[PDB]
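Trainee: Pasting an experimental structure with its sequence.
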Amino acid sequence: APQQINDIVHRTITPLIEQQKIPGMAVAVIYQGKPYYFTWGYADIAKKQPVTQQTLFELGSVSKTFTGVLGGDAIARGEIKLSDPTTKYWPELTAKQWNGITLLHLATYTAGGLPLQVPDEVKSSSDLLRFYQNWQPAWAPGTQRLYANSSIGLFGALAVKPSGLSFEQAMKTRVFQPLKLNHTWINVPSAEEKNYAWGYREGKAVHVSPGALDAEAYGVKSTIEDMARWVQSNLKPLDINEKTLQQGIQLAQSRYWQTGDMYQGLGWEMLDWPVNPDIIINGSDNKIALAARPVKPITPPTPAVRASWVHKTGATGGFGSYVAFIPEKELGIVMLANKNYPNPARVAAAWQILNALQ
């Protein structure tokens, strides 16, 4: 098998890299619960530093899966409930449109049309309150899914408030450290900058800029080894000894809403396996992924289904990442690249590889 894995990966990824002009890439395949690593190209082109298994990539919105699991862990500690009103955790949010908007709604993009980004002009805490106080919803809570950093970003910031920890402290102590993710960072330390790839965008070497709620929505950087361990932990939560973290991983894969063939978890998105690859490939194009779509609630939320395709795309200006896994098959893939290339190309490649190995 390890050479069959090698050949399916090289047959699929090597043309992808040439077609998309990807400067550097790391891939981890989880096959029967074990990781196999592959690297291509350069972490820093100007310096000709190749990608290795310790290169840090920006995860972009794959960070939402960490936020979802951290929120699930808070649920399992009894610190929050997803049915709780947002205003329970932010009493200054007095404006009337927030009546009935819950943590569930924020976590799952169903608050009623919160926008894709927090505006750049939002810098201070008072800016952020004014932004949400003045937001006018386009839909009633719990009726339309509209993917939004301003939604799940706020979920993450509020979910950690009963703990008394900052979002970064909560994430480090409750998720990163129990799972031994020792090269995963919301802020890369000075000592670790040496491993931090440059992102590349139309001839420019770039790193993600600070923004409001960035840690919660798109701010994690990680290595291909830590992301393989993240997939392992999400594939087999019963191997995790911290009970509320085990339960939080499970809660993040519960099915809270359905739209089309897709189910919204906490951060993670899920479809039944085997999946029609046209559905996930086309559905990752921004024409669908960024569109408003009607949702139906699932009641009670379906406990994490083993025969699922569980996945998340992520981008920053200079990076493109993708994670997919199938709990029933103990099978998954991470793809990290320092160019933001179109999602359907990532999904089709990842599906080609896991399909071959099922």
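Mentor: That came through fine. Numbering: from 1, shown residues only.

Trainee: Any idea how far apart the tips of stretch 74-81 sit?
Mentor: Start-to-end span of stretch 74-81 (Cα to Cα, to the nearest Å) is 8 Å.

Trainee: in it, what's buried?
Mentor: 74-77, 79-80 (16 or more other Cβ atoms under 10 Å). All C-beta atoms are positioned from the backbone trio N, CA, C, and that covers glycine.

Trainee: so can I have TSV of these showing secondary structure and distance to residue 265?
Mentor: Shown next, in TSV, are these (DSSP: H, G, I helix; E, B strand; the rest coil; distance: Cβ to Cβ, whole Å):
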residue	secondary structure	distance to residue 265
74	helix	15
75	helix	13
76	helix	15
77	coil	19
79	coil	19
80	coil	16
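
Trainee: what's the farthest-apart pair in the residues you listed?
Mentor: Largest separation among the buried residues of stretch 74-81 by Cβ to Cβ: 76 and 80, giving 9.9 Å.

Trainee: So for stretch 17-27, first residue to last residue, what's the gap.
Mentor: Termini of stretch 17-27 sit 12 Å apart (Cα to Cα).

Trainee: Please work out which residues outside that stretch touch it.
Mentor: By Cβ atoms under 8 Å, 6 or more residues apart in numbering, the list of residues contacting stretch 17-27 from outside reads 9, 13, 16, 37-43, 45, 50-53, 55, 57, 197, 200, 223-224, 333-339, 341-342, 345.

Trainee: Give me the subset of those lying in helices.
Mentor: Residues of the contacts of stretch 17-27 located in helices (DSSP state H): 9, 13, 16, 224, 345.

Trainee: State the distance from the last one to residue 255.
Mentor: Just to be clear, that refers to residue 345. Distance of residue 345 to residue 255, computed by Cβ to Cβ, to the nearest Å: 27 Å.

Trainee: Between those two, which is the more surrounded one?
Mentor: Ranked by neighbour count (other Cβ atoms under 10 Å), residue 345 and residue 255 place residue 255 first, with 21 against 17.

Trainee: contacting residues for that one?
Mentor: 263-265, 270, 298, 301-302, 305.

Trainee: Let's see that with 10 Å instead.
Mentor: Shown in contact with residue 255 (Cβ atoms under 10 Å, 6 or more residues apart in numbering): 262-265, 268-270, 272, 298, 300-305, 308.

Trainee: Tell me the buried residues within the residues you listed.
Mentor: Buried members of the contacts of residue 255, scored by 16+ other Cβ under 10 Å, are 262-265, 268-270, 301-302, 304-305, 308.

Trainee: I'd like the list of those residues that fall within helices, please.
Mentor: Among the buried ones among the contacts of residue 255, no member lies in helices (by DSSP H).

Trainee: wait, which of the residues you listed is closest to residue 237?
Mentor: Nearest to residue 237 among these, with distances taken as Cβ to Cβ, is residue 304, at 7.9 Å.

Trainee: so what's that closest one up against?
Mentor: By Cβ under 10 Å, 6+ apart, the neighbours of residue 304 are 234, 237, 249-255, 265, 268, 270, 310, 327.

Trainee: Closest one of those residues to residue 85?
Mentor: residue 251 (19.3 Å).

Trainee: tell me the centre residue of this structure?
Mentor: residue 62 (2.3 Å; Cα atoms, centre = their mean).

Trainee: From the buried ones among the contacts of residue 255, pick the one nearest residue 356.
Mentor: residue 308 (19.0 Å).

Trainee: How much space separates the closest one from residue 329?
Mentor: 10 Å.

Trainee: what does residue 350 give?
Mentor: Separation of residue 350 from residue 329 (Cβ to Cβ) stands at 14 Å.

Trainee: more crowded one of those two?
Mentor: residue 350 (29 against 18).

Trainee: Look up which helix or strand the more buried one falls in, please.
Mentor: helix 343-356 (DSSP states H and E).

Trainee: Same question for residue 22.
Mentor: Secondary structure (DSSP H and E) places residue 22 outside all helices and strands.

Trainee: show me the contacts for residue 285.
Mentor: Counting by Cβ under 10 Å, 6+ apart, residue 285 has contacts 291, 342-344, 347.

Trainee: hmm, 6 Å instead?
Mentor: Counting by Cβ atoms under 6 Å, 6 or more residues apart in numbering, residue 285 touches residue 344.

Trainee: excluding its backbone neighbours, what's nearest residue 111?
Mentor: residue 105 (4.1 Å; Cβ to Cβ, 6 or more residues apart in numbering).

Trainee: Please report the number of neighbouring residues for the nearest residue to residue 134 once chain neighbours are set aside.
Mentor: Among residues not flanking residue 134 along the chain, residue 95 sits closest, at 7.5 Å (Cβ to Cβ, 6+ apart). By other Cβ under 10 Å, 14 other residues sit near residue 95.

Trainee: Now intersect the contacts of stretch 17-27 with the strands, please.
Mentor: In strands, defined here by DSSP state E, the members of the contacts of stretch 17-27 are 37-43, 50, 57, 200, 333-337.

Trainee: Restricted to buried residues, select those residues in ChimeraX.
Mentor: Selecting only the buried entries of those in ChimeraX, with 16+ other Cβ under 10 Å as the criterion:
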select :38,39,40,41,42,43,57,200,333,334,335,336,337
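
Trainee: Which single one of the ones in strands among the contacts of stretch 17-27 is nearest to residue 161?
Mentor: residue 57 (29.8 Å).
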